[PDB]
Amino acid sequence: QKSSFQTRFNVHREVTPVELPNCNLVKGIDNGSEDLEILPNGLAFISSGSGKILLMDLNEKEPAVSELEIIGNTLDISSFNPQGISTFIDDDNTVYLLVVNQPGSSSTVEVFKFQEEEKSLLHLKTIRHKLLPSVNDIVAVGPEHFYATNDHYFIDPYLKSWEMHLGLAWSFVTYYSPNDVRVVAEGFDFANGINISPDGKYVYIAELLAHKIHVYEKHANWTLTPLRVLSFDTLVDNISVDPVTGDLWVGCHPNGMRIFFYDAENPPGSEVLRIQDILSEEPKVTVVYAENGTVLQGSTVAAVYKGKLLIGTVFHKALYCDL
Ligand SMILES: [Br-]
Ligand SMILES: [Br-]
Ligand SMILES: [Br-]
Ligand SMILES: [Ca+2]
Ligand SMILES: [Ca+2]
């Protein structure tokens with residue numbers, strides 16, 4: 001029990017550095033960049049839990065961030081508190097952005113339409129459901145269709161907290177669509193990152209406190225069946241997938257004590273993994289970037305675009321590096 005706490009929170013871990021050539025802090029990101037997603041054309045959305053969605057054009061040489069204006073009357077901005085995000089590009093090239101929201105005491109998924117010329121997000125729909133009690137991240141598979149991780153079974157934060165420390169592992173994953181919402185996987189100890197292979201045939205789920213990434217075959221009827229489970233010596237948080245290769249790019253918290261019981265004199269470090277050939281017998285895992293937090297603290301996500309690496313954090317900055 002003190003033993004399972006030590007292993008779940010990886011309380012002994014320290015970080016061997018892995019450096020990258022030319023890394024710059026992104027000016028204007030100082031209060032979190034928890035999740036991000038990069039479109040094929042190099043525009044990157046970043047959420048920051050005011051809650052905001054930020055935009056970077058990664059085709060520029062030193063991209064600057066701008067704050068996207070949210071418009072519409074279906075959303076209260078004043079309680080907007082974004083967590084994970086996901087995009088869906090329709091047949092006509094309409095870009096939808098799905099954003100997990102934690103407005104006060106509950107959980108929603110907000111659906112926006114991205115209006116490129118205006119640099120704006122038009123709110124379309126607030127989704128909520130009983131099978132979405134505690135949403136951490138989603139992967140979109142249509143404008144209003146996604147898989148969602150619930151990082152807890154309970155809604156009440158006092159109960160979440162007991163639920164986590166008791167080690168219940170009741171977190172679960174929900175398939176959500178206008179006609180049909182169901183649990184597709186369950187029994188996780190803090191499910192969180194989630195993503196999908198470019199051909200739509202596999203779904204990847206990060207189980208934070210177990211230090212695992214689960215690979216599920218995804219079927220024509222939207223059901224998932226377990227295929228493989230990879231384990232790591234780090235708390236895996238968000239998963240990004242490179243659409244050209246299918247590689248996973250994963251933001252990780254080496255030592256979970258530092259990220260869950262925050263201490264400015266012992267702040268969390270950062271770590272990015274690349275996973276290739278995830279279906280093969282020895283998937284290739286590489287630490288691409290790793291540090292103890294003297295530059296970037298609490299890395300949650302990383303993705304790559306034409307030789308650059310962008311890395312976001314729970315409550316700190318963001319880092320842009322050459323690979
Ligand atoms: Br509850
Ligand atoms: Br750390
Ligand atoms: Br370091
Ligand atoms: Ca996401
Ligand atoms: Ca997270």
# chains A, B, ... in the order shown; residues from 1 in each chain; ligands from 1
$ select_by_dssp --residues "region 52-237 of chain A" --states "alpha helix (DSSP H)" --output "PyMOL selection string"
chain A and resi 157-165
$ write_last_selection --atoms "C-alpha atoms" --output "mmCIF file, in the first residue's frame"
data_model
loop_
_atom_site.group_PDB
_atom_site.id
_atom_site.type_symbol
_atom_site.label_atom_id
_atom_site.label_comp_id
_atom_site.auth_asym_id
_atom_site.auth_seq_id
_atom_site.Cartn_x
_atom_site.Cartn_y
_atom_site.Cartn_z
ATOM 1 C CA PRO A 157 -13.768 16.219 -6.398
ATOM 2 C CA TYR A 158 -13.662 15.026 -2.793
ATOM 3 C CA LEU A 159 -14.758 11.499 -3.983
ATOM 4 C CA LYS A 160 -12.258 11.665 -6.987
ATOM 5 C CA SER A 161 -9.574 12.219 -4.543
ATOM 6 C CA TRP A 162 -10.541 9.193 -2.373
ATOM 7 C CA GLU A 163 -11.117 7.206 -5.513
ATOM 8 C CA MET A 164 -7.501 7.944 -6.639
ATOM 9 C CA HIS A 165 -5.774 7.253 -3.359
#
$ residues_near_ligand --ligand "ligand 3" --cutoff "10 Å" --atoms "only C-alpha atoms and all ligand atoms" --output "ChimeraX atom specification"
/A:14-19,269-270,289-296
$ residues_around --residues "residue 317 (chain A)" --least-positions-apart "3" --cutoff "9 Å" --atoms "only C-alpha atoms" --output "count of residues only"
18
$ residues_around --residues "residue 90 (chain A)" --least-positions-apart "4" --cutoff "9 Å" --atoms "only C-alpha atoms" --output "PyMOL selection string"
chain A and resi 94-96+142-143
$ write_last_selection --atoms "N, CA, C and O atoms" --output "tab-separated table (two decimals), in the first residue's frame"
chain	number	residue	atom	x	y	z
A	94	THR	N	-14.16	21.79	-43.54
A	94	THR	CA	-14.50	22.44	-42.29
A	94	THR	C	-13.67	21.78	-41.16
A	94	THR	O	-13.58	20.57	-41.08
A	95	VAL	N	-13.05	22.62	-40.34
A	95	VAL	CA	-12.31	22.18	-39.20
A	95	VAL	C	-13.14	22.35	-37.95
A	95	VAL	O	-13.50	23.49	-37.61
A	96	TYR	N	-13.39	21.23	-37.27
A	96	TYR	CA	-14.02	21.24	-35.96
A	96	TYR	C	-12.97	21.04	-34.90
A	96	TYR	O	-12.07	20.18	-35.03
A	142	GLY	N	-15.62	12.43	-35.78
A	142	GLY	CA	-16.55	13.16	-36.58
A	142	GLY	C	-16.83	14.43	-35.78
A	142	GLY	O	-16.26	14.62	-34.69
A	143	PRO	N	-17.74	15.31	-36.29
A	143	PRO	CA	-18.03	16.65	-35.64
A	143	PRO	C	-18.54	16.53	-34.22
A	143	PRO	O	-18.41	17.45	-33.42
$ select_by_dssp --residues "region 36-167 of chain A" --states "strand (DSSP E or B)" --output "ChimeraX atom specification"
/A:36-38,43-48,52-57,66-67,69-71,82-89,95-101,108-115,120-127,135-142,145-150
$ residues_near_ligand --ligand "ligand 1" --cutoff "6 Å" --atoms "only C-alpha atoms and all ligand atoms" --output "PyMOL selection string"
chain A and resi 154-156
$ write_last_selection --atoms "N, CA and C atoms" --output "PDB file, in the first residue's frame"
ATOM      1  N   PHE A 154     -15.902   9.096 -10.359  1.00  0.00           N
ATOM      2  CA  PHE A 154     -16.732  10.123  -9.708  1.00  0.00           C
ATOM      3  C   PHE A 154     -16.652  11.538 -10.285  1.00  0.00           C
ATOM      4  N   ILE A 155     -17.693  12.322 -10.001  1.00  0.00           N
ATOM      5  CA  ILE A 155     -17.760  13.719 -10.397  1.00  0.00           C
ATOM      6  C   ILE A 155     -17.279  14.599  -9.250  1.00  0.00           C
ATOM      7  N   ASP A 156     -17.745  14.326  -8.049  1.00  0.00           N
ATOM      8  CA  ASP A 156     -17.400  15.120  -6.877  1.00  0.00           C
ATOM      9  C   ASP A 156     -15.888  15.054  -6.587  1.00  0.00           C
TER      10      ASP A 156
END
$ closest_atom_pairs --of "chain A" --to "ligand 4" --cutoff "6 Å" --atoms "only C-alpha atoms and all ligand atoms" --output "JSON lines"
{"residue": "A:35", "atom": "CA", "partner": "ligand 4", "partner_atom_place_in_ligand_line": "1 (Ca)", "distance": 5.8}
{"residue": "A:84", "atom": "CA", "partner": "ligand 4", "partner_atom_place_in_ligand_line": "1 (Ca)", "distance": 4.6}
{"residue": "A:85", "atom": "CA", "partner": "ligand 4", "partner_atom_place_in_ligand_line": "1 (Ca)", "distance": 4.3}
{"residue": "A:86", "atom": "CA", "partner": "ligand 4", "partner_atom_place_in_ligand_line": "1 (Ca)", "distance": 4.9}
{"residue": "A:137", "atom": "CA", "partner": "ligand 4", "partner_atom_place_in_ligand_line": "1 (Ca)", "distance": 5.2}
{"residue": "A:138", "atom": "CA", "partner": "ligand 4", "partner_atom_place_in_ligand_line": "1 (Ca)", "distance": 5.6}
$ write_last_selection --atoms "C-alpha atoms" --output "tab-separated table (two decimals), in the first residue's frame"
chain	number	residue	atom	x	y	z
A	35	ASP	CA	-2.87	19.77	-24.82
A	84	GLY	CA	-7.84	18.00	-23.76
A	85	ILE	CA	-8.59	18.83	-27.36
A	86	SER	CA	-9.03	17.03	-30.69
A	137	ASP	CA	-9.12	13.94	-23.25
A	138	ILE	CA	-10.96	12.89	-26.43
$ residues_near_ligand --ligand "ligand 5" --cutoff "12 Å" --atoms "only C-alpha atoms and all ligand atoms" --output "MDAnalysis selection string"
chainID A and resid 32:36 47:49 82:85 100 135:138 149:151 190:194 206:209 235:239 250:253 259:260 298:302 312:315
$ write_last_selection --atoms "C-alpha atoms" --output "PDB file, in the first residue's frame"
ATOM      1  CA  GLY A  32      -0.274  25.946 -18.999  1.00  0.00           C
ATOM      2  CA  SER A  33      -0.456  24.502 -22.469  1.00  0.00           C
ATOM      3  CA  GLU A  34      -2.003  21.131 -21.386  1.00  0.00           C
ATOM      4  CA  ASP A  35      -2.866  19.770 -24.819  1.00  0.00           C
ATOM      5  CA  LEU A  36      -2.248  20.751 -28.415  1.00  0.00           C
ATOM      6  CA  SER A  47      -5.420  24.719 -24.787  1.00  0.00           C
ATOM      7  CA  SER A  48      -4.672  26.552 -21.626  1.00  0.00           C
ATOM      8  CA  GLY A  49      -6.725  25.554 -18.435  1.00  0.00           C
ATOM      9  CA  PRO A  82     -10.281  23.667 -21.273  1.00  0.00           C
ATOM     10  CA  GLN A  83      -8.413  20.353 -20.871  1.00  0.00           C
ATOM     11  CA  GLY A  84      -7.844  18.002 -23.756  1.00  0.00           C
ATOM     12  CA  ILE A  85      -8.592  18.833 -27.362  1.00  0.00           C
ATOM     13  CA  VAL A 100     -12.924  19.029 -22.964  1.00  0.00           C
ATOM     14  CA  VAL A 135     -13.430  13.804 -19.077  1.00  0.00           C
ATOM     15  CA  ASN A 136      -9.694  14.244 -19.489  1.00  0.00           C
ATOM     16  CA  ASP A 137      -9.121  13.937 -23.252  1.00  0.00           C
ATOM     17  CA  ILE A 138     -10.959  12.895 -26.429  1.00  0.00           C
ATOM     18  CA  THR A 149     -11.153   9.070 -21.396  1.00  0.00           C
ATOM     19  CA  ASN A 150     -12.712   9.590 -17.970  1.00  0.00           C
ATOM     20  CA  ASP A 151      -9.769   9.894 -15.616  1.00  0.00           C
ATOM     21  CA  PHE A 190      -6.322   7.206 -14.403  1.00  0.00           C
ATOM     22  CA  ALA A 191      -6.887   6.883 -18.168  1.00  0.00           C
ATOM     23  CA  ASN A 192      -5.946  10.100 -19.903  1.00  0.00           C
ATOM     24  CA  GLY A 193      -4.251  10.552 -23.255  1.00  0.00           C
ATOM     25  CA  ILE A 194      -6.093   8.984 -26.110  1.00  0.00           C
ATOM     26  CA  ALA A 206      -2.480   6.257 -21.844  1.00  0.00           C
ATOM     27  CA  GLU A 207      -3.066   4.896 -18.341  1.00  0.00           C
ATOM     28  CA  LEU A 208      -1.211   7.505 -16.302  1.00  0.00           C
ATOM     29  CA  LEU A 209      -0.746   5.898 -12.907  1.00  0.00           C
ATOM     30  CA  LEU A 235       3.670   8.510 -16.061  1.00  0.00           C
ATOM     31  CA  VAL A 236       2.380   8.784 -19.694  1.00  0.00           C
ATOM     32  CA  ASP A 237       0.012  11.698 -20.115  1.00  0.00           C
ATOM     33  CA  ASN A 238      -1.084  12.843 -23.625  1.00  0.00           C
ATOM     34  CA  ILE A 239      -0.569  10.957 -26.891  1.00  0.00           C
ATOM     35  CA  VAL A 250       3.951  11.075 -25.847  1.00  0.00           C
ATOM     36  CA  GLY A 251       4.306  13.808 -23.070  1.00  0.00           C
ATOM     37  CA  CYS A 252       5.300  12.177 -19.734  1.00  0.00           C
ATOM     38  CA  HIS A 253       5.829  12.997 -16.041  1.00  0.00           C
ATOM     39  CA  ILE A 259       3.387  16.671 -10.621  1.00  0.00           C
ATOM     40  CA  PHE A 260       0.632  15.684  -8.090  1.00  0.00           C
ATOM     41  CA  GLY A 298       5.389  19.345 -16.209  1.00  0.00           C
ATOM     42  CA  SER A 299       5.332  18.286 -19.860  1.00  0.00           C
ATOM     43  CA  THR A 300       1.936  16.778 -20.764  1.00  0.00           C
ATOM     44  CA  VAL A 301       2.085  16.629 -24.608  1.00  0.00           C
ATOM     45  CA  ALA A 302       4.437  16.824 -27.591  1.00  0.00           C
ATOM     46  CA  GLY A 312       3.123  21.812 -23.669  1.00  0.00           C
ATOM     47  CA  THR A 313       2.705  21.561 -19.883  1.00  0.00           C
ATOM     48  CA  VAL A 314       0.065  21.295 -17.137  1.00  0.00           C
ATOM     49  CA  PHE A 315       0.526  24.834 -15.653  1.00  0.00           C
TER      50      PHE A 315
END
$ residues_around --residues "residue 141 (chain A)" --least-positions-apart "2" --cutoff "12 Å" --atoms "only C-alpha atoms" --output "number ranges by chain"
A: 86-90, 96-98, 138-139, 143-148, 175-177, 195-201, 203, 218, 222
$ atom_distance --atom1 "CA of residue 53 (chain A)" --atom2 "CA of residue 126 (chain A)"
16.1 Å
$ atom_distance --atom1 "CA of residue 81 (chain A)" --atom2 "CA of residue 189 (chain A)"
23.5 Å
$ atom_distance --atom1 "CA of residue 153 (chain A)" --atom2 "CA of residue 105 (chain A)"
14.2 Å
$ closest_residue --among "A:11, A:140, A:131, A:38" --to "ligand 2" --atoms "only C-alpha atoms and all ligand atoms"
A:11
$ closest_residue --among "A:45, A:170, A:9, A:320" --to "ligand 2" --atoms "only C-alpha atoms and all ligand atoms"
A:9
$ closest_residue --among "A:277, A:263, A:247, A:118" --to "ligand 2" --atoms "only C-alpha atoms and all ligand atoms"
A:263
